[PDB]
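**Q** Handing you a structure now.
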Amino acid sequence: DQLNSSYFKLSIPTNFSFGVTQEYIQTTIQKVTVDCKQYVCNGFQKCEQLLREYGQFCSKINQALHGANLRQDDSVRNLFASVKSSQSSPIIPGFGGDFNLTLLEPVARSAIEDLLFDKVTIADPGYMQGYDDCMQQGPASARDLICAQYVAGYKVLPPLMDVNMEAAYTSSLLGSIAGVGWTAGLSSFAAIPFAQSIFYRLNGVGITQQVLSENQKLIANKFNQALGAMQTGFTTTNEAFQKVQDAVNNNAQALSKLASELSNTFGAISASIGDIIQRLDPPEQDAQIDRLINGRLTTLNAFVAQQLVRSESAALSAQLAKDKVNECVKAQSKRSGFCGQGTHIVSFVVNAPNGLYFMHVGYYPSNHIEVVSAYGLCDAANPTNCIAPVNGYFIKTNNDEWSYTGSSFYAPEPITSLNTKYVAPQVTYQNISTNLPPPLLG
Amino acid sequence: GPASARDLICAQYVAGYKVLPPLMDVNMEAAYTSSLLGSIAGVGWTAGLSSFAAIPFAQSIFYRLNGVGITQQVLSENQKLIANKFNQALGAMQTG
Amino acid sequence: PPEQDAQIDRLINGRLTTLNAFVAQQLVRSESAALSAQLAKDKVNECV
Amino acid sequence: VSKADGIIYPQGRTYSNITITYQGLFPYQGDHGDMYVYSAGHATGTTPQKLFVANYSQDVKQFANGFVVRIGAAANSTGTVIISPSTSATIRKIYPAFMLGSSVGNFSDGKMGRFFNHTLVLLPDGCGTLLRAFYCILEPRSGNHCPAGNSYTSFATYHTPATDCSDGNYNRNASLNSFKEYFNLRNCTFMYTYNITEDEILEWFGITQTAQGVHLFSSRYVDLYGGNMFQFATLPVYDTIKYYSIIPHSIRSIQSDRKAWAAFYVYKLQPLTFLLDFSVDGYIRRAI
Amino acid sequence: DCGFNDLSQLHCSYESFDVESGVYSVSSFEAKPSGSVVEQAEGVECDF
Amino acid sequence: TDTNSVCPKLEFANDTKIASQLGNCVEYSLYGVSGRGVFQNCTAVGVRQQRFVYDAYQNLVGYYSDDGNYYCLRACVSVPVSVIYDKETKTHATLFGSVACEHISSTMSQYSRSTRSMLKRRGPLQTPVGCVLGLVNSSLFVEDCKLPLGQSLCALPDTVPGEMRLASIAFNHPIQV
């Protein structure tokens, strides 16, 4: 409620309660090429020599897919030139002193990134010898899309990067969080411990003055509780994990439509060219093969158009991911809602299938007592000497009449020259005379 | 029946399409924007949105003017035509 | 019936294609509105 | 259909661990069908002297797309003897008999239910150990209680457990002699026979008509402990079956040897789309 | 000659004699049948 | 309609048995159904009396043979081909999809392509992305070579130039403090 006097009411909290927001940004789609001639005319000489009248449709399809894949490679190359950190501190098994970090690498990926890739249903693409595994075993189960290649006439291309170079990039990013996120310009790199960085981030935005941050090591306990409670729930209730699964499913559906449109007849006597050749004579053999040719060309054009739309959107979300790495991971953010909820403290990022996975640790206050508070304090004898608080409030303590509290946690303190600034007088300022804070003494 | 020419909202139940209701009332949307209006002065005064200083709207406007629109204290305490100009702007809004 | 079917098939195909076009345009429209909703969220946090 | 009741298996193929939509001839979910029951005859103290049937002969039905039959569902349990409602005995499986044809009318005294031209007849025989299928002209015989005679109520088949069902020696033409008492079989094209193993388990039967003939499906010989029906015979009947009726059957037993026969249910088939669930071993245990 | 070579079909699409560093996928090799298998009914003939 | 078929009469002195050509690409005419594929001995999985086992996409994946075995079909395979081209040097190389180097030969004579010839050199080299022809293995590292092969591999041209060489993209470590 809003008072009528020259005071106001405060509603200040009494809990830290670190929380994790856990967002996912997609940066790429999987690269697919289509062998147009093989897809349409499945090795049948007659069909190919009927197709020669459709020469440029296949060229257009091939060129469009080639351009889309080049764009995907450019997007990943330019995203990982900002993820790159100029200077970094080596990762060692005990990295955050009292803060647990399961973001370290088990001798490669990290534990949370391994878990993210395991919990997700991804078909193995087989870049090494996926050719051999498909008759030494064949289709693994129903609708083996990653093995329907080498049959249908499409191919899944490998990503530009290993898992090892991607892990190297995100590890060098984790090794700079404390040091680049302390000072101004990212020209220099102060190699300070992680605990010092957390205490400076708390003393700063999540305004909690030095007395508390040096009066608690339950801060590390609450941080560890938040990070631990993260790594249990990669379940269906987790909404960013569902987005990762959605992206994987979109890749799979894109492939499955190609695989499934080869059994369509488009009105012919059969969907097999060999059957048509066997059953009919050339005059109407041609008329039946033409139906399949046109049907398959139109489905393939539709595939290309949808692939262009998908790559266009993924190229924009890659820029969003670059903005989040620069804004949330390499610095502490003043913007609300951009990184997570609460007030942003620190963010981490790992690789996810087809993109990046962010964990935003923020500060969540719980128990709000009210308080009565003053805009400023002036000396009654000398009403020109007036002070105001910095990053905090003047509170009427009920336990000197006036004390100081930090902005984000209720813990009253004596008023000193270190938490006040001299200001011009104002009608709403209190004219105290009896017991006078040191900054106001003459 | 059809209110006038091309009654699209009534061509449903005929054509075979249907317009679904929104997720929210008008009352819950109004509640959201009213709770947003009721925090403008208080969250927009200090740092981190962890605490909420319940100050009047005039104090918030004077701190916003003394700050960005850098106008020192002597003026902001020397004018109440500031409120007149603010009211002129808001009023001239609701005609056009 | 022999050509009754052939005439009804024309309507069936025409209506299915118009309905597919409607669905595709609706997907484009919803995709753009979902981005402008993020812009509105940014403006509420930044400006209000 | 959650138990896959009355499913004809797809004709030329099989699947494994898959869910498929299939267009086929299926019965309706929750359909009740028509229930038929067979009873013992009048036994006046160790001498059976009069049959005891229901009114099935007059009740000519439509053979639209074929039908499926559930046989022996109530077996292995206790029920009543139809002729004497007070008496109760263990229920036993019996097999249906059918007359199918393309033209139907009435007998001499105006009773409905006479098939005119070549007629398809399916009769069990051998105390339920063979199935006999033939296709020919039934000319009604004269004499007392015969369709061309006088005092004609309805035709029926019968078999005598005392003589025709002796262990080890089952009369394999009993209940075909019975049919020959009311009718004379003239000018016919086949007389096929299929041996049936004797047991007391639930069984499914089915019949359809295509340009290839008359197809007979059963649960036995492929899926005995499930219920899936696979084709086992194609009969050379090319005139379109349009009417069918159930042949009444009564046993000539004795008050000591009077027992209860399970009722069988007939359900019609329509062209429907179904969602079928093929198990790993390829059987349908679930449908929608 | 468009069908001579992989680079040839590289050039015939792009319609040019100086194709850029266009790193195609090109047409694939398909296996040749090393044999033939036949099963059918034995010892029975359709009776006309 | 049936699990059997009505076929013409053939000459009964041939070697057209599944059990002999087990594992290699063959034409098949098992019954009314025909195609190309690779057969394997395999554990029986469908309903035996319905001799053909299909998948959700309506194509054969299994067969109950007259010899008493169950064979599961495998769809004769295609080798993906890709050309690595450098326009300034006019040099080229061949990347064979994701295949093992022992499925390919200098002439590729057991396959058909409808491209009459194949790029000319003057052996195969196995890489995490597949088998390459016309690249020489090197222990070099780069920051880029404009010809990424995938999996952090890259094809370095020269500057009569020799064969392009297979380098790997290197991670440039930051200053370690």
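Each chain in the structure tokens gets a letter, A, B and so on, in the order shown; residues start at 1 in every chain, and ligands are counted from 1 in the order they appear.
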Could you please write out, as a ChimeraX atom specification, every residue of region 92-239 of chain D that DSSP assigns to strand (DSSP E or B)?
**A** /D:92,98-101,104-106,112-115,119-125,130-140,144,150,157-159,165-166,169-170,183-186,191-195,203-210,213-218,229-235
**Q** Would you export the selected residues with C-alpha atoms as an mmCIF file, in the first residue's frame, please?
**A**
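Saved file selection-v2.cif follows:
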```cif
data_model
loop_
_atom_site.group_PDB
_atom_site.id
_atom_site.type_symbol
_atom_site.label_atom_id
_atom_site.label_comp_id
_atom_site.auth_asym_id
_atom_site.auth_seq_id
_atom_site.Cartn_x
_atom_site.Cartn_y
_atom_site.Cartn_z
ATOM 1 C CA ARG D 92 -20.628 -78.426 -24.726
ATOM 2 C CA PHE D 98 -26.160 -73.229 -42.947
ATOM 3 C CA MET D 99 -28.197 -73.073 -46.137
ATOM 4 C CA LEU D 100 -27.183 -70.362 -48.583
ATOM 5 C CA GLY D 101 -28.685 -69.458 -51.903
ATOM 6 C CA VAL D 104 -35.845 -68.174 -51.875
ATOM 7 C CA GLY D 105 -39.587 -68.716 -51.572
ATOM 8 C CA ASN D 106 -42.159 -70.845 -49.784
ATOM 9 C CA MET D 112 -41.394 -69.511 -45.937
ATOM 10 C CA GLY D 113 -37.855 -70.728 -46.393
ATOM 11 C CA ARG D 114 -37.345 -72.887 -49.488
ATOM 12 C CA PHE D 115 -34.230 -72.380 -51.601
ATOM 13 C CA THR D 119 -28.113 -74.327 -52.880
ATOM 14 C CA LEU D 120 -24.932 -74.274 -50.820
ATOM 15 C CA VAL D 121 -25.203 -76.355 -47.655
ATOM 16 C CA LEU D 122 -22.678 -76.570 -44.820
ATOM 17 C CA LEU D 123 -23.322 -79.475 -42.434
ATOM 18 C CA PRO D 124 -21.159 -80.728 -39.589
ATOM 19 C CA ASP D 125 -21.040 -84.485 -39.180
ATOM 20 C CA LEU D 130 -16.004 -83.271 -39.955
ATOM 21 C CA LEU D 131 -17.495 -80.433 -41.977
ATOM 22 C CA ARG D 132 -19.238 -81.303 -45.233
ATOM 23 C CA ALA D 133 -19.960 -78.685 -47.886
ATOM 24 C CA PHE D 134 -22.067 -79.339 -50.964
ATOM 25 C CA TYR D 135 -23.901 -77.313 -53.582
ATOM 26 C CA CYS D 136 -27.025 -78.674 -55.246
ATOM 27 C CA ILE D 137 -30.744 -78.880 -55.702
ATOM 28 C CA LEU D 138 -32.911 -79.847 -52.753
ATOM 29 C CA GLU D 139 -36.196 -81.337 -53.917
ATOM 30 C CA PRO D 140 -38.627 -81.739 -51.012
ATOM 31 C CA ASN D 144 -45.473 -87.448 -43.179
ATOM 32 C CA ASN D 150 -48.440 -82.991 -44.905
ATOM 33 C CA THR D 157 -31.132 -82.509 -38.813
ATOM 34 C CA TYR D 158 -30.490 -84.947 -36.002
ATOM 35 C CA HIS D 159 -27.987 -87.471 -34.738
ATOM 36 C CA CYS D 165 -21.403 -91.276 -31.354
ATOM 37 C CA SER D 166 -19.925 -94.563 -30.127
ATOM 38 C CA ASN D 169 -16.622 -95.374 -34.180
ATOM 39 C CA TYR D 170 -18.397 -92.122 -35.045
ATOM 40 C CA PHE D 183 -34.776 -83.508 -49.155
ATOM 41 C CA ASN D 184 -33.510 -85.256 -52.266
ATOM 42 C CA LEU D 185 -30.123 -84.019 -53.480
ATOM 43 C CA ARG D 186 -30.004 -83.625 -57.251
ATOM 44 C CA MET D 191 -19.098 -82.516 -51.875
ATOM 45 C CA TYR D 192 -16.062 -81.426 -49.877
ATOM 46 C CA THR D 193 -15.027 -82.705 -46.481
ATOM 47 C CA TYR D 194 -12.754 -81.256 -43.818
ATOM 48 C CA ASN D 195 -11.694 -83.184 -40.734
ATOM 49 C CA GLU D 203 -13.679 -71.116 -32.309
ATOM 50 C CA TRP D 204 -14.370 -68.591 -35.053
ATOM 51 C CA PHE D 205 -15.755 -69.206 -38.543
ATOM 52 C CA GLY D 206 -16.380 -66.908 -41.480
ATOM 53 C CA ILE D 207 -17.679 -66.827 -45.021
ATOM 54 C CA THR D 208 -17.427 -64.351 -47.899
ATOM 55 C CA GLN D 209 -18.195 -64.200 -51.637
ATOM 56 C CA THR D 210 -15.835 -62.904 -54.329
ATOM 57 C CA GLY D 213 -15.775 -68.120 -55.408
ATOM 58 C CA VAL D 214 -16.976 -68.626 -51.837
ATOM 59 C CA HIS D 215 -14.227 -68.286 -49.253
ATOM 60 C CA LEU D 216 -14.364 -70.111 -45.930
ATOM 61 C CA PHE D 217 -12.256 -68.896 -43.003
ATOM 62 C CA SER D 218 -11.678 -70.463 -39.621
ATOM 63 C CA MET D 229 -9.357 -66.338 -39.074
ATOM 64 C CA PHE D 230 -7.442 -67.591 -42.107
ATOM 65 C CA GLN D 231 -8.912 -68.898 -45.335
ATOM 66 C CA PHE D 232 -9.034 -72.666 -45.688
ATOM 67 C CA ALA D 233 -11.329 -73.292 -48.667
ATOM 68 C CA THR D 234 -12.660 -71.712 -51.838
ATOM 69 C CA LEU D 235 -15.813 -73.197 -53.249
#
```
**Q** Write out, as a tab-separated table, each residue of chain A that has an atom at most 12 Å from chain D, together with the closest pair of atoms and their distance in Å to one decimal, counting only C-alpha atoms, rows going by chain and rising number.
**A**
```
residue	atom	partner	partner_atom	distance
A:141	CA	D:17	CA	9.3
A:142	CA	D:18	CA	7.6
A:143	CA	D:18	CA	10.3
```
**Q** Once you have the residues from the selection above, write them out as an mmCIF file, in the first residue's frame, restricted to C-alpha atoms.
**A**
```cif
data_model
loop_
_atom_site.group_PDB
_atom_site.id
_atom_site.type_symbol
_atom_site.label_atom_id
_atom_site.label_comp_id
_atom_site.auth_asym_id
_atom_site.auth_seq_id
_atom_site.Cartn_x
_atom_site.Cartn_y
_atom_site.Cartn_z
ATOM 1 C CA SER A 141 13.360 -51.314 -36.427
ATOM 2 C CA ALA A 142 10.225 -49.865 -38.012
ATOM 3 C CA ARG A 143 10.865 -46.990 -40.439
#
```
**Q** Using only C-alpha atoms, pick whichever of A:432, A:157, A:258, A:377 has the shortest atom-to-atom distance to chain F.
**A**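 Closest candidate: A:157.
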**Q** Fewer than 6 positions away in the same chain doesn't count, so skip those; otherwise give me all residues within 8 Å of residue 140 (chain F), counting only C-alpha atoms, as a list in words.
**A**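 The filter keeps residues 166, 167 and 168 of chain F.
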**Q** With a cut-off of 9 Å and counting only C-alpha atoms, select all residues of chain A in contact with chain B and give the selection as a count of residues only.
**A** 32
**Q** Within 10 Å of chain A, which residues belong to chain F? Use only C-alpha atoms and report them as a VMD selection string.
**A** chain F and resid 23 to 24 33 to 35 38 to 40 55 to 59 61 72 to 81 97 to 101 103 112 to 114 126 to 131 148 to 154 169 to 177
**Q** Identify, with DSSP run on backbone atoms, the residues in chain B assigned to alpha helix (DSSP H), and express the list as a PyMOL selection string.
**A** chain B and resi 8-11+26-37+40-43+57-66+73-76+81-93
**Q** Using only C-alpha atoms, find each residue of chain B with at least one atom at most 9 Å away from an atom of chain C; report its shortest atom-to-atom pair and that distance in Å (one decimal), sort the rows by chain and rising residue number, and return the result as a tab-separated table.
**A**
```
residue	atom	partner	partner_atom	distance
B:36	CA	C:48	CA	8.3
B:37	CA	C:48	CA	8.7
B:40	CA	C:48	CA	6.9
B:44	CA	C:48	CA	8.3
```
**Q** Rounded to one decimal place, report the CA of residue 62 (chain A)-CA of residue 93 (chain F) distance in Å.
**A**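 Interatomic distance, CA of residue 62 (chain A) to CA of residue 93 (chain F): 19.5 Å.
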**Q** Which polymer residues have any atom within 9 Å of an atom of region 5-7 of chain E, counting only C-alpha atoms, with same-chain residues fewer than 2 positions away left out, as a list in words?
**A**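 Answer for this query is residues 1, 2, 3, 9, 10, 11, 12, 26 and 27 of chain E; 82, 83, 85, 92, 115, 116, 117, 118 and 119 of chain F.
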**Q** Give me the residues near region 13-29 of chain C as a list in words, where near means some atom within 12 Å (using only C-alpha atoms) and where sequence neighbours in that chain fewer than 3 positions away do not count.
**A** residues 306, 309, 310 and 313 of chain A; 15, 16 and 17 of chain B; 6, 7, 8, 9, 10, 32, 33, 34, 35 and 36 of chain C
**Q** Convert the current residue selection to file output with N, CA, C and O atoms, as a PDB file, in the first residue's frame.
**A**
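part_20.pdb written:
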```
ATOM      1  N   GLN A 306      10.356 -26.694 -48.281  1.00  0.00           N
ATOM      2  CA  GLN A 306      10.290 -26.751 -46.831  1.00  0.00           C
ATOM      3  C   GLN A 306      11.665 -26.710 -46.188  1.00  0.00           C
ATOM      4  O   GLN A 306      11.822 -26.089 -45.130  1.00  0.00           O
ATOM      5  N   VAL A 309      12.733 -23.103 -45.989  1.00  0.00           N
ATOM      6  CA  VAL A 309      12.088 -22.398 -44.882  1.00  0.00           C
ATOM      7  C   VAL A 309      12.743 -22.756 -43.552  1.00  0.00           C
ATOM      8  O   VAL A 309      13.033 -21.876 -42.721  1.00  0.00           O
ATOM      9  N   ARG A 310      12.989 -24.046 -43.329  1.00  0.00           N
ATOM     10  CA  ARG A 310      13.583 -24.490 -42.073  1.00  0.00           C
ATOM     11  C   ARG A 310      14.978 -23.923 -41.868  1.00  0.00           C
ATOM     12  O   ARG A 310      15.306 -23.473 -40.765  1.00  0.00           O
ATOM     13  N   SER A 313      14.814 -20.181 -40.895  1.00  0.00           N
ATOM     14  CA  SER A 313      14.508 -19.927 -39.489  1.00  0.00           C
ATOM     15  C   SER A 313      15.640 -20.319 -38.548  1.00  0.00           C
ATOM     16  O   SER A 313      15.893 -19.614 -37.555  1.00  0.00           O
TER      17      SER A 313
ATOM     18  N   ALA B  15     -20.090 -23.761 -43.404  1.00  0.00           N
ATOM     19  CA  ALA B  15     -18.964 -24.211 -44.211  1.00  0.00           C
ATOM     20  C   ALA B  15     -18.331 -25.464 -43.625  1.00  0.00           C
ATOM     21  O   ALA B  15     -18.081 -26.439 -44.338  1.00  0.00           O
ATOM     22  N   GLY B  16     -18.075 -25.462 -42.324  1.00  0.00           N
ATOM     23  CA  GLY B  16     -17.423 -26.593 -41.706  1.00  0.00           C
ATOM     24  C   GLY B  16     -16.143 -26.214 -40.998  1.00  0.00           C
ATOM     25  O   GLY B  16     -15.304 -27.073 -40.730  1.00  0.00           O
ATOM     26  N   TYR B  17     -15.972 -24.932 -40.705  1.00  0.00           N
ATOM     27  CA  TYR B  17     -14.870 -24.475 -39.879  1.00  0.00           C
ATOM     28  C   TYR B  17     -15.422 -23.846 -38.613  1.00  0.00           C
ATOM     29  O   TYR B  17     -16.622 -23.613 -38.484  1.00  0.00           O
TER      30      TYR B  17
ATOM     31  N   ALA C   6     -16.918 -39.104 -61.445  1.00  0.00           N
ATOM     32  CA  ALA C   6     -15.914 -38.267 -62.080  1.00  0.00           C
ATOM     33  C   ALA C   6     -16.166 -36.790 -61.848  1.00  0.00           C
ATOM     34  O   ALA C   6     -15.212 -36.011 -61.795  1.00  0.00           O
ATOM     35  N   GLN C   7     -17.426 -36.385 -61.732  1.00  0.00           N
ATOM     36  CA  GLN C   7     -17.730 -34.997 -61.413  1.00  0.00           C
ATOM     37  C   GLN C   7     -17.523 -34.673 -59.941  1.00  0.00           C
ATOM     38  O   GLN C   7     -17.066 -33.578 -59.613  1.00  0.00           O
ATOM     39  N   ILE C   8     -17.858 -35.596 -59.039  1.00  0.00           N
ATOM     40  CA  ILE C   8     -17.653 -35.332 -57.618  1.00  0.00           C
ATOM     41  C   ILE C   8     -16.169 -35.294 -57.284  1.00  0.00           C
ATOM     42  O   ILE C   8     -15.742 -34.564 -56.380  1.00  0.00           O
ATOM     43  N   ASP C   9     -15.357 -36.059 -58.016  1.00  0.00           N
ATOM     44  CA  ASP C   9     -13.921 -36.073 -57.767  1.00  0.00           C
ATOM     45  C   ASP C   9     -13.283 -34.714 -58.015  1.00  0.00           C
ATOM     46  O   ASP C   9     -12.331 -34.340 -57.320  1.00  0.00           O
ATOM     47  N   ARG C  10     -13.775 -33.970 -59.003  1.00  0.00           N
ATOM     48  CA  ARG C  10     -13.242 -32.638 -59.248  1.00  0.00           C
ATOM     49  C   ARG C  10     -13.437 -31.729 -58.046  1.00  0.00           C
ATOM     50  O   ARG C  10     -12.500 -31.038 -57.633  1.00  0.00           O
ATOM     51  N   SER C  32       5.009 -16.226 -37.666  1.00  0.00           N
ATOM     52  CA  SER C  32       5.383 -14.826 -37.487  1.00  0.00           C
ATOM     53  C   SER C  32       4.817 -14.213 -36.213  1.00  0.00           C
ATOM     54  O   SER C  32       5.501 -13.411 -35.553  1.00  0.00           O
ATOM     55  N   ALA C  33       3.582 -14.555 -35.850  1.00  0.00           N
ATOM     56  CA  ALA C  33       3.026 -14.030 -34.614  1.00  0.00           C
ATOM     57  C   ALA C  33       3.773 -14.522 -33.385  1.00  0.00           C
ATOM     58  O   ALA C  33       3.875 -13.786 -32.400  1.00  0.00           O
ATOM     59  N   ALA C  34       4.316 -15.731 -33.417  1.00  0.00           N
ATOM     60  CA  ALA C  34       5.114 -16.208 -32.297  1.00  0.00           C
ATOM     61  C   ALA C  34       6.408 -15.434 -32.107  1.00  0.00           C
ATOM     62  O   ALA C  34       6.901 -15.363 -30.982  1.00  0.00           O
ATOM     63  N   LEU C  35       6.985 -14.882 -33.169  1.00  0.00           N
ATOM     64  CA  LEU C  35       8.142 -14.007 -33.047  1.00  0.00           C
ATOM     65  C   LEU C  35       7.772 -12.620 -32.551  1.00  0.00           C
ATOM     66  O   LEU C  35       8.490 -12.036 -31.725  1.00  0.00           O
ATOM     67  N   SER C  36       6.667 -12.068 -33.042  1.00  0.00           N
ATOM     68  CA  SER C  36       6.281 -10.768 -32.520  1.00  0.00           C
ATOM     69  C   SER C  36       5.830 -10.839 -31.067  1.00  0.00           C
ATOM     70  O   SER C  36       5.926  -9.836 -30.359  1.00  0.00           O
TER      71      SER C  36
END
```
**Q** Compile the residues of chain C that lie within 9 Å of chain A, evaluated using only C-alpha atoms, and express the compilation as number ranges by chain.
**A** C: 41-42, 45-46
**Q** Could you please determine the separation between CA of residue 273 (chain A) and CA of residue 28 (chain F) in Å, to one decimal place?
**A** 15.4 Å
**Q** Tell me as a PyMOL selection string which residues belonging to chain D come within 10 Å of chain F, counting only C-alpha atoms.
**A** chain D and resi 9-21+212+221-223+230-231+278-283
**Q** Could you turn the residues from that selection into a file that holds N, CA, C and O atoms, as a compact mmCIF listing (two decimals), in the first residue's frame?
**A**
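Written out: part15.txt:
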```txt
# COMPACT_ATOMS: atom_id res chain seq x y z
N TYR D 9 -7.76 -62.22 -41.08
CA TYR D 9 -6.38 -61.79 -41.27
C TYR D 9 -6.18 -61.30 -42.71
O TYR D 9 -6.79 -61.85 -43.63
N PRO D 10 -5.35 -60.29 -42.93
CA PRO D 10 -5.08 -59.83 -44.30
C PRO D 10 -4.57 -60.97 -45.18
O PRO D 10 -3.79 -61.81 -44.75
N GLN D 11 -5.01 -60.96 -46.44
CA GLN D 11 -5.09 -62.20 -47.21
C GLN D 11 -3.73 -62.70 -47.67
O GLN D 11 -3.47 -63.91 -47.61
N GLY D 12 -2.87 -61.82 -48.15
CA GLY D 12 -1.67 -62.34 -48.78
C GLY D 12 -0.35 -62.02 -48.11
O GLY D 12 0.71 -62.19 -48.73
N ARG D 13 -0.37 -61.56 -46.87
CA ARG D 13 0.83 -61.02 -46.27
C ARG D 13 0.76 -61.17 -44.76
O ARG D 13 -0.25 -61.60 -44.21
N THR D 14 1.84 -60.81 -44.10
CA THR D 14 1.88 -60.74 -42.65
C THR D 14 2.84 -59.64 -42.26
O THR D 14 3.67 -59.20 -43.05
N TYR D 15 2.69 -59.16 -41.03
CA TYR D 15 3.51 -58.09 -40.49
C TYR D 15 4.06 -58.53 -39.15
O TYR D 15 3.74 -59.61 -38.65
N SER D 16 4.91 -57.70 -38.55
CA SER D 16 5.51 -58.03 -37.27
C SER D 16 5.76 -56.77 -36.47
O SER D 16 6.54 -55.91 -36.90
N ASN D 17 5.13 -56.67 -35.30
CA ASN D 17 5.37 -55.58 -34.35
C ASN D 17 5.04 -54.22 -34.96
O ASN D 17 5.85 -53.29 -34.91
N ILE D 18 3.85 -54.11 -35.54
CA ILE D 18 3.49 -52.94 -36.34
C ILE D 18 2.04 -52.56 -36.04
O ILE D 18 1.26 -53.37 -35.55
N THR D 19 1.70 -51.30 -36.29
CA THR D 19 0.32 -50.84 -36.26
C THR D 19 -0.05 -50.29 -37.63
O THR D 19 0.64 -49.41 -38.15
N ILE D 20 -1.14 -50.79 -38.19
CA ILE D 20 -1.50 -50.54 -39.59
C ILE D 20 -2.97 -50.16 -39.64
O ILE D 20 -3.77 -50.65 -38.85
N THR D 21 -3.34 -49.27 -40.56
CA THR D 21 -4.74 -49.13 -40.93
C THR D 21 -5.03 -50.03 -42.11
O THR D 21 -4.30 -50.03 -43.11
N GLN D 212 -13.82 -64.93 -57.23
CA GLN D 212 -13.04 -66.15 -57.18
C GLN D 212 -13.81 -67.31 -56.56
O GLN D 212 -13.32 -68.44 -56.59
N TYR D 221 -6.33 -74.44 -37.45
CA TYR D 221 -5.22 -74.79 -38.32
C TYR D 221 -4.16 -73.69 -38.40
O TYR D 221 -3.08 -73.96 -38.92
N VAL D 222 -4.42 -72.48 -37.92
CA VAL D 222 -3.36 -71.48 -37.91
C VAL D 222 -3.27 -70.84 -36.53
O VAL D 222 -2.21 -70.83 -35.91
N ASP D 223 -4.38 -70.28 -36.06
CA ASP D 223 -4.43 -69.59 -34.78
C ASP D 223 -5.52 -70.24 -33.94
O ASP D 223 -6.65 -69.75 -33.89
N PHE D 230 -8.20 -67.45 -40.88
CA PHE D 230 -7.44 -67.59 -42.11
C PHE D 230 -8.22 -68.47 -43.06
O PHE D 230 -8.88 -69.43 -42.64
N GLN D 231 -8.15 -68.16 -44.35
CA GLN D 231 -8.91 -68.90 -45.33
C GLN D 231 -8.43 -70.33 -45.42
O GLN D 231 -7.23 -70.61 -45.38
N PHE D 278 -0.28 -55.73 -35.05
CA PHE D 278 0.37 -57.00 -35.29
C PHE D 278 1.49 -57.20 -34.29
O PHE D 278 2.42 -56.38 -34.22
N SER D 279 1.41 -58.30 -33.55
CA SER D 279 2.40 -58.65 -32.55
C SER D 279 3.72 -59.00 -33.22
O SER D 279 3.85 -58.97 -34.45
N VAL D 280 4.71 -59.34 -32.41
CA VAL D 280 5.98 -59.77 -32.98
C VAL D 280 5.78 -61.01 -33.83
O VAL D 280 6.26 -61.08 -34.95
N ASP D 281 5.03 -61.99 -33.33
CA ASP D 281 4.76 -63.19 -34.09
C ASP D 281 3.63 -63.04 -35.09
O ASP D 281 3.10 -64.04 -35.55
N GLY D 282 3.23 -61.81 -35.41
CA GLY D 282 2.38 -61.55 -36.55
C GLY D 282 0.90 -61.71 -36.34
O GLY D 282 0.14 -61.52 -37.29
N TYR D 283 0.45 -62.04 -35.14
CA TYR D 283 -0.98 -62.18 -34.90
C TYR D 283 -1.58 -60.85 -34.46
O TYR D 283 -0.90 -60.01 -33.87
```
**Q** Within 6 Å of chain F, which residues of chain E show up when using only C-alpha atoms, listed as a ChimeraX atom specification?
**A** /E:3-5,21,23-26,28-40
**Q** Measure the distance from CA of residue 344 (chain A) to CA of residue 361 (chain A) in Å and round it to one decimal.
**A** 6.4 Å
**Q** When you look at residue 32 (chain D) with a cut-off of 9 Å (counting only C-alpha atoms), what residues show up, excluding the ones that are within fewer than 5 positions of it in the same chain? I need them as a list in words.
**A**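 Neighbouring residues, sequence-local ones excluded: residues 265, 266 and 267 of chain D.
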**Q** Save out the residues we just selected, N, CA and C atoms, as a PDB file, in the first residue's frame.
**A**
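Once written, out20.pdb looks like this:
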```
ATOM      1  N   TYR D 265     -23.028 -67.372 -32.230  1.00  0.00           N
ATOM      2  CA  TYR D 265     -23.462 -66.027 -32.575  1.00  0.00           C
ATOM      3  C   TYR D 265     -23.000 -65.675 -33.974  1.00  0.00           C
ATOM      4  N   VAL D 266     -23.883 -65.063 -34.754  1.00  0.00           N
ATOM      5  CA  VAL D 266     -23.598 -64.689 -36.133  1.00  0.00           C
ATOM      6  C   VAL D 266     -23.585 -63.172 -36.229  1.00  0.00           C
ATOM      7  N   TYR D 267     -22.506 -62.619 -36.777  1.00  0.00           N
ATOM      8  CA  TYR D 267     -22.330 -61.184 -36.945  1.00  0.00           C
ATOM      9  C   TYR D 267     -22.033 -60.872 -38.400  1.00  0.00           C
TER      10      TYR D 267
END
```
